[PDB]
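Engineer: Got a structure for you, model_9.txt, holding compact mmCIF, C-alpha atoms.
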```
# COMPACT_ATOMS: atom_id res chain seq x y z
CA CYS A 184 -22.76 31.40 20.25
CA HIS A 185 -23.32 27.94 18.75
CA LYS A 186 -21.71 26.02 21.59
CA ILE A 187 -22.06 22.56 23.12
CA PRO A 188 -21.06 21.43 26.65
CA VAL A 189 -17.47 20.17 26.95
CA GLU A 190 -18.90 17.13 28.80
CA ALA A 191 -21.33 16.32 25.98
CA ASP A 192 -20.93 13.33 23.65
CA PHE A 193 -19.36 10.93 26.20
CA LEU A 194 -20.70 7.45 26.98
CA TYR A 195 -19.33 5.52 29.94
CA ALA A 196 -20.30 1.86 29.93
CA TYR A 197 -19.48 0.67 33.44
CA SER A 198 -19.41 -3.07 34.09
CA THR A 199 -21.19 -2.59 37.41
CA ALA A 200 -23.27 -0.16 39.51
CA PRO A 201 -21.71 2.61 41.66
CA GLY A 202 -20.06 1.22 44.79
CA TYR A 203 -20.16 -2.45 43.73
CA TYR A 204 -17.65 -5.16 42.93
CA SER A 205 -17.39 -6.31 39.31
CA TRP A 206 -17.20 -10.06 38.56
CA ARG A 207 -14.76 -12.01 36.43
CA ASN A 208 -14.44 -15.68 35.50
CA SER A 209 -10.80 -16.80 35.58
CA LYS A 210 -11.44 -19.03 32.57
CA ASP A 211 -13.91 -17.15 30.36
CA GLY A 212 -13.22 -13.51 31.21
CA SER A 213 -15.34 -10.83 32.88
CA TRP A 214 -19.13 -11.22 32.83
CA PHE A 215 -19.57 -7.72 31.43
CA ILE A 216 -16.96 -7.95 28.71
CA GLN A 217 -17.97 -11.36 27.40
CA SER A 218 -21.61 -10.19 27.35
CA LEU A 219 -20.76 -6.90 25.64
CA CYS A 220 -18.80 -8.65 22.91
CA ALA A 221 -21.53 -11.22 22.31
CA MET A 222 -24.21 -8.54 21.98
CA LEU A 223 -22.08 -6.36 19.71
CA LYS A 224 -21.36 -9.37 17.48
CA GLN A 225 -25.03 -10.30 17.31
CA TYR A 226 -26.62 -6.83 17.11
CA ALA A 227 -24.11 -4.18 15.98
CA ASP A 228 -25.31 -4.43 12.38
CA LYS A 229 -28.83 -3.42 13.40
CA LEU A 230 -29.50 -1.97 16.87
CA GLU A 231 -28.62 1.48 18.26
CA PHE A 232 -25.89 1.39 20.96
CA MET A 233 -28.09 2.09 24.00
CA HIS A 234 -30.34 -0.83 22.99
CA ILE A 235 -27.31 -3.09 22.54
CA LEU A 236 -26.08 -2.03 26.00
CA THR A 237 -29.56 -2.66 27.46
CA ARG A 238 -29.29 -6.22 26.12
CA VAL A 239 -25.89 -6.51 27.80
CA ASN A 240 -27.49 -5.36 31.06
CA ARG A 241 -30.12 -8.13 30.85
CA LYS A 242 -27.65 -10.85 29.83
CA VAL A 243 -25.38 -9.99 32.80
CA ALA A 244 -28.30 -9.71 35.21
CA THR A 245 -29.93 -13.00 34.22
CA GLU A 246 -27.24 -15.42 33.02
CA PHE A 247 -24.50 -14.89 35.63
CA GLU A 248 -24.19 -15.62 39.34
CA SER A 249 -21.04 -16.20 41.39
CA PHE A 250 -20.11 -19.53 43.01
CA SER A 251 -17.64 -19.47 45.90
CA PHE A 252 -16.48 -21.67 48.75
CA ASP A 253 -16.55 -18.43 50.74
CA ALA A 254 -20.20 -17.87 51.66
CA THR A 255 -19.45 -14.14 51.67
CA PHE A 256 -18.87 -14.05 47.90
CA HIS A 257 -21.24 -16.89 46.96
CA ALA A 258 -24.41 -16.58 44.85
CA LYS A 259 -23.92 -12.88 44.07
CA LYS A 260 -25.34 -10.96 41.10
CA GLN A 261 -24.30 -7.98 38.98
CA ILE A 262 -25.93 -5.23 36.90
CA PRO A 263 -23.86 -3.01 34.54
CA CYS A 264 -24.28 0.77 34.51
CA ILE A 265 -24.85 2.79 31.31
CA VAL A 266 -23.96 6.46 31.76
CA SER A 267 -24.78 8.53 28.68
CA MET A 268 -24.05 12.17 27.89
CA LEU A 269 -24.57 11.38 24.20
CA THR A 270 -26.66 13.79 22.15
CA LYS A 271 -27.50 11.48 19.26
CA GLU A 272 -28.17 7.86 18.39
CA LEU A 273 -25.12 5.72 17.67
CA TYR A 274 -25.07 2.97 15.03
CA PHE A 275 -21.88 1.04 14.22
CA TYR A 276 -22.97 0.78 10.60
CA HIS A 277 -23.54 3.11 7.67
CA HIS A 278 -26.03 3.42 4.81
CA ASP B 34 -29.30 14.97 12.73
CA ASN B 35 -30.79 12.30 15.01
CA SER B 36 -27.82 9.97 14.47
CA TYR B 37 -24.08 10.56 14.72
CA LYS B 38 -22.33 10.88 11.36
CA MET B 39 -20.45 7.56 11.18
CA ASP B 40 -19.40 7.70 7.55
CA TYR B 41 -16.03 9.41 8.06
CA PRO B 42 -13.08 7.68 6.33
CA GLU B 43 -12.33 5.84 9.59
CA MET B 44 -14.52 4.50 12.42
CA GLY B 45 -11.79 5.58 14.84
CA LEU B 46 -9.37 4.18 17.40
CA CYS B 47 -10.16 1.53 20.01
CA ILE B 48 -7.53 1.67 22.76
CA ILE B 49 -7.55 -1.35 25.07
CA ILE B 50 -5.59 -1.07 28.32
CA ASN B 51 -5.23 -4.55 29.75
CA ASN B 52 -3.75 -4.58 33.26
CA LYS B 53 -3.20 -8.08 34.61
CA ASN B 54 -0.10 -7.95 36.83
CA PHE B 55 0.25 -5.50 39.68
CA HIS B 56 2.97 -4.52 42.16
CA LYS B 57 2.75 -6.39 45.50
CA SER B 58 2.36 -3.12 47.42
CA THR B 59 -1.11 -2.80 45.88
CA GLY B 60 -2.18 -6.17 47.23
CA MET B 61 -4.03 -6.84 43.97
CA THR B 62 -3.74 -10.43 42.78
CA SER B 63 -3.22 -11.26 39.10
CA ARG B 64 -6.42 -10.67 37.10
CA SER B 65 -6.70 -14.16 35.59
CA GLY B 66 -8.87 -14.26 32.48
CA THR B 67 -8.34 -10.63 31.46
CA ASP B 68 -6.35 -11.72 28.39
CA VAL B 69 -9.45 -13.54 27.11
CA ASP B 70 -11.38 -10.24 27.45
CA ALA B 71 -8.63 -8.29 25.70
CA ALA B 72 -8.54 -10.67 22.73
CA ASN B 73 -12.36 -10.83 22.48
CA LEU B 74 -12.53 -7.01 22.44
CA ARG B 75 -9.77 -6.71 19.86
CA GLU B 76 -11.57 -9.09 17.49
CA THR B 77 -14.99 -7.61 18.21
CA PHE B 78 -13.92 -4.03 17.47
CA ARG B 79 -11.78 -5.20 14.50
CA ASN B 80 -14.98 -6.43 12.89
CA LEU B 81 -16.65 -3.08 13.58
CA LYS B 82 -13.80 -1.50 11.59
CA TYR B 83 -11.97 0.22 14.46
CA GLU B 84 -8.19 0.69 14.59
CA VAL B 85 -7.46 -1.41 17.67
CA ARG B 86 -4.36 -0.87 19.82
CA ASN B 87 -3.74 -3.19 22.78
CA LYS B 88 -1.47 -2.11 25.66
CA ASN B 89 -0.60 -4.45 28.53
CA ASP B 90 0.30 -3.81 32.17
CA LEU B 91 0.66 -0.04 32.13
CA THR B 92 1.63 1.94 35.23
CA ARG B 93 -0.62 4.80 36.37
CA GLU B 94 1.88 7.19 34.76
CA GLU B 95 1.93 5.31 31.44
CA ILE B 96 -1.88 5.31 31.26
CA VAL B 97 -1.94 9.10 31.62
CA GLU B 98 0.84 9.54 29.05
CA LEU B 99 -0.92 7.22 26.60
CA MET B 100 -4.23 9.03 26.91
CA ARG B 101 -2.53 12.42 26.52
CA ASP B 102 -0.68 11.33 23.37
CA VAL B 103 -3.81 9.74 21.86
CA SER B 104 -5.92 12.81 22.62
CA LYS B 105 -3.29 14.89 20.82
CA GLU B 106 -3.60 12.92 17.58
CA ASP B 107 -5.53 14.33 14.63
CA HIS B 108 -8.89 12.53 14.80
CA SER B 109 -10.33 14.60 11.94
CA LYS B 110 -10.95 11.67 9.60
CA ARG B 111 -12.35 9.46 12.38
CA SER B 112 -16.03 9.07 13.28
CA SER B 113 -15.53 8.24 16.93
CA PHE B 114 -13.21 7.18 19.72
CA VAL B 115 -13.24 4.12 21.97
CA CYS B 116 -11.19 3.25 25.06
CA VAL B 117 -11.57 0.08 27.13
CA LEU B 118 -10.05 -0.19 30.61
CA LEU B 119 -9.59 -3.65 32.13
CA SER B 120 -8.21 -3.50 35.66
CA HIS B 121 -8.96 -3.34 39.35
CA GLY B 122 -10.65 -0.17 40.54
CA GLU B 123 -12.68 1.77 43.08
CA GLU B 124 -15.47 4.32 42.64
CA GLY B 125 -14.17 6.91 40.15
CA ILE B 126 -10.79 5.20 40.06
CA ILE B 127 -8.94 2.81 37.75
CA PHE B 128 -5.68 1.06 38.68
CA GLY B 129 -2.45 1.34 36.95
CA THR B 130 -0.11 -1.57 37.75
CA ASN B 131 1.55 0.57 40.44
CA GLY B 132 -1.39 2.56 41.80
CA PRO B 133 -4.76 4.32 41.34
CA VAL B 134 -5.56 7.14 38.92
CA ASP B 135 -8.81 9.12 38.73
CA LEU B 136 -11.00 8.32 35.74
CA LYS B 137 -11.81 12.01 35.39
CA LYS B 138 -8.11 12.66 34.78
CA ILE B 139 -8.18 10.20 31.85
CA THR B 140 -11.45 11.30 30.21
CA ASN B 141 -10.61 15.04 30.53
CA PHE B 142 -8.03 14.76 27.73
CA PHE B 143 -10.98 14.18 25.39
CA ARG B 144 -13.17 17.03 26.62
CA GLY B 145 -14.93 18.87 23.79
CA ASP B 146 -12.58 21.82 24.25
CA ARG B 147 -9.33 19.87 24.75
CA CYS B 148 -9.54 17.49 21.78
CA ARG B 149 -11.03 19.61 19.02
CA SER B 150 -10.77 16.84 16.41
CA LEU B 151 -13.32 14.81 18.38
CA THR B 152 -15.72 17.65 19.25
CA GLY B 153 -19.26 16.53 18.49
CA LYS B 154 -18.18 12.94 17.91
CA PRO B 155 -19.05 10.03 20.23
CA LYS B 156 -16.34 9.24 22.79
CA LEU B 157 -16.88 5.85 24.43
CA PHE B 158 -15.24 4.60 27.61
CA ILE B 159 -15.88 0.94 28.49
CA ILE B 160 -14.81 0.20 32.03
CA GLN B 161 -14.33 -3.30 33.43
CA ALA B 162 -13.26 -2.66 37.04
CA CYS B 163 -14.69 -2.68 40.55
CA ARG B 164 -16.39 0.50 41.84
CA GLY B 165 -16.26 -0.40 45.52
CA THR B 166 -16.80 -3.46 47.70
CA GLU B 167 -20.59 -3.84 47.77
CA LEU B 168 -22.06 -7.22 46.84
CA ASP B 169 -25.46 -7.66 45.20
CA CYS B 170 -27.29 -10.55 46.89
CA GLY B 171 -29.93 -10.44 44.19
CA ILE B 172 -33.61 -11.32 44.51
CA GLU B 173 -35.51 -14.41 43.36
CA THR B 174 -37.74 -13.74 40.36
CA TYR C 2 -15.01 -16.45 40.17
CA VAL C 3 -13.02 -13.37 41.17
CA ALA C 4 -14.11 -9.85 42.10
CA UNK C 5 -12.43 -6.85 40.44
```
Could you show the structure in this file as structure tokens?
Structural biologist:
Amino acid sequence: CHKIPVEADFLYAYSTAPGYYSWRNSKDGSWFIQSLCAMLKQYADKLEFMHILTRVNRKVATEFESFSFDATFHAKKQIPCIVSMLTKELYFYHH
Amino acid sequence: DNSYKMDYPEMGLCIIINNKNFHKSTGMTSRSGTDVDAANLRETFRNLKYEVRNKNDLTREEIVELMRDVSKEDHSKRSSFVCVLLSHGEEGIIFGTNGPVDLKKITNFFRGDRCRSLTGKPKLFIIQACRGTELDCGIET
Amino acid sequence: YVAX
């Protein structure tokens, strides 16, 4: 009958891609979380969630890079990972 | 019906699990800076009108019990559900202060058939945690 | 900088 998948309507916003480390700044917080909060604050009253998360992806990918005395963890980058099983557009506002 | 109905009496809950201190046996060092994330999230979601609940340093068992209890609440008058996990992790795994727990185990409590009051409503899981040990060397633009 |  009128049924929907039990896995439908879930959105998993991962801070990084499958198999990768996720970066955090001891002073300012994680790259992903500070970016997510900034984009939600600036765009939640207008943009649909996926577009806000796409902005978070770009901010994390372009504005952050690690610095370490250990060459192994120095100058590394990060890209978040949006996994959507959503069936509709999501807006954090109402009309 | 192209957009989720977000005009219910409540936007919904925003559960933030902030794990900073872990048992030595795990070999995970204190996650310095996670409190800044937790506070930023709390304020951010507060402005979006969510009912924010912050929980600190929960064991793997406590995380499961919290998710179970939350999933058993009556979310009828809520438009959505949000859960943010801040901790160490591995692919498909999130760390309680005393050990790993599968993410699937956590999200299953909210399956469309297990949490009827959230069926058809957006369920968001924001995960700040490692998913392995690969490093992205990046490429010059 | 720390990895998670």
Engineer: Considering all atoms listed in the file, state which residue in the set B:163, B:97, B:72, B:50 is at the smallest distance from residue C:3.
Structural biologist: B:163
Engineer: What is the atom CA of residue A:185 to atom CA of residue B:38 distance in Å?
Structural biologist: 18.6 Å
Engineer: Between atom CA of residue A:244 and atom CA of residue A:199, what is the distance in Å, rounded to a tenth?
Structural biologist: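 It comes out at 10.3 Å.
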Engineer: Per residue of chain B within 8 Å of chain C, record the nearest atom pair and its distance in Å to one decimal, counting only C-alpha atoms, with rows in chain order and ascending residue number, as JSON lines.
Structural biologist:
```
{"residue": "B:64", "atom": "CA", "partner": "C:5", "partner_atom": "CA", "distance": 7.9}
{"residue": "B:120", "atom": "CA", "partner": "C:5", "partner_atom": "CA", "distance": 7.2}
{"residue": "B:121", "atom": "CA", "partner": "C:5", "partner_atom": "CA", "distance": 5.1}
{"residue": "B:122", "atom": "CA", "partner": "C:5", "partner_atom": "CA", "distance": 6.9}
{"residue": "B:162", "atom": "CA", "partner": "C:5", "partner_atom": "CA", "distance": 5.5}
{"residue": "B:163", "atom": "CA", "partner": "C:5", "partner_atom": "CA", "distance": 4.7}
```
Engineer: To one decimal place in Å, what is the distance between atom CA of residue A:193 and atom CA of residue A:214?
Structural biologist: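 That distance, rounded to one decimal, is 23.1 Å.
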Engineer: With 10 Å as the cut-off and all atoms listed in the file counted, what is the closest atom pair between each nearby residue of chain A and chain C? Distances in Å to one decimal, ordered by chain and number, as a Markdown table.
Structural biologist:
```
| residue | atom | partner | partner_atom | distance |
| --- | --- | --- | --- | --- |
| A:203 | CA | C:5 | CA | 9.5 |
| A:204 | CA | C:4 | CA | 5.9 |
| A:205 | CA | C:5 | CA | 5.1 |
| A:206 | CA | C:4 | CA | 4.7 |
| A:207 | CA | C:3 | CA | 5.2 |
| A:208 | CA | C:2 | CA | 4.8 |
| A:209 | CA | C:2 | CA | 6.2 |
| A:210 | CA | C:2 | CA | 8.8 |
| A:211 | CA | C:2 | CA | 9.9 |
| A:212 | CA | C:2 | CA | 9.6 |
| A:213 | CA | C:3 | CA | 9.0 |
| A:214 | CA | C:2 | CA | 9.9 |
| A:248 | CA | C:2 | CA | 9.3 |
| A:249 | CA | C:2 | CA | 6.2 |
| A:250 | CA | C:2 | CA | 6.6 |
| A:251 | CA | C:2 | CA | 7.0 |
| A:256 | CA | C:4 | CA | 8.6 |
| A:257 | CA | C:2 | CA | 9.2 |
```
Engineer: Which residues of chain B are close to chain A, meaning at most 8 Å apart when you count only C-alpha atoms, and how do they look as a PyMOL selection string?
Structural biologist: chain B and resi 34-37+39-40+64-70+73-74+77+81+123-124+144-146+153-171
Engineer: At a cut-off of 8 Å, using all atoms listed in the file, what residues contact residue B:82? Leave out same-chain residues fewer than 3 positions from it and give the result as a list in words.
Structural biologist: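 What passes the distance filter is residues 43, 44, 78 and 79 of chain B.
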